[PDB]
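Engineer: Please read through the structure below; I'll follow up with questions.
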Number of protein chains: 12
Amino acid sequence: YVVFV
Amino acid sequence: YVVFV
Amino acid sequence: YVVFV
Amino acid sequence: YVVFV
Amino acid sequence: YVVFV
Amino acid sequence: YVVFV
Amino acid sequence: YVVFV
Amino acid sequence: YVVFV
Amino acid sequence: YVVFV
Amino acid sequence: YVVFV
Amino acid sequence: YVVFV
Amino acid sequence: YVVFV
């Protein structure tokens, strides 16, 4: 899982 | 916002 | 699953 | 908005 | 499934 | 709006 | 859009 | 299976 | 977007 | 399985 | 984003 | 398994 925000 | 899962 | 928003 | 799934 | 909006 | 499914 | 299957 | 979009 | 499977 | 996006 | 699996 | 992001 990867998130950029 | 970017998600990879 | 990939999302860009 | 872009989704690939 | 692919959506662009 | 574009969908491919 | 291009698909080969 | 190959897709380019 | 490019997928090979 | 290979994806470039 | 690049994945090989 | 290899990911570059």
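Numbering starts fresh at 1 for the residues of each chain in the structure tokens, the chains themselves are lettered A, B, ... in the order given, and ligands are numbered from 1 as they appear.
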Residues of chain H within 12 Å of chain D, counting only C-alpha atoms, what are they? List them as a list in words.

Structural biologist: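 Per the criterion, chain H yields residues 3, 4 and 5 of chain H.
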
Engineer: For the residues in that selection, give me N, CA and C atoms as a CSV table (one decimal), in the first residue's frame.

Structural biologist:
```
chain,number,residue,atom,x,y,z
H,3,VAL,N,-2.8,-4.0,-22.4
H,3,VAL,CA,-3.5,-2.7,-22.6
H,3,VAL,C,-2.6,-1.5,-22.6
H,4,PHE,N,-2.8,-0.6,-23.5
H,4,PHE,CA,-2.2,0.7,-23.5
H,4,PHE,C,-3.3,1.7,-23.5
H,5,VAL,N,-3.3,2.6,-22.5
H,5,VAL,CA,-4.4,3.6,-22.5
H,5,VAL,C,-3.9,4.9,-21.8
```
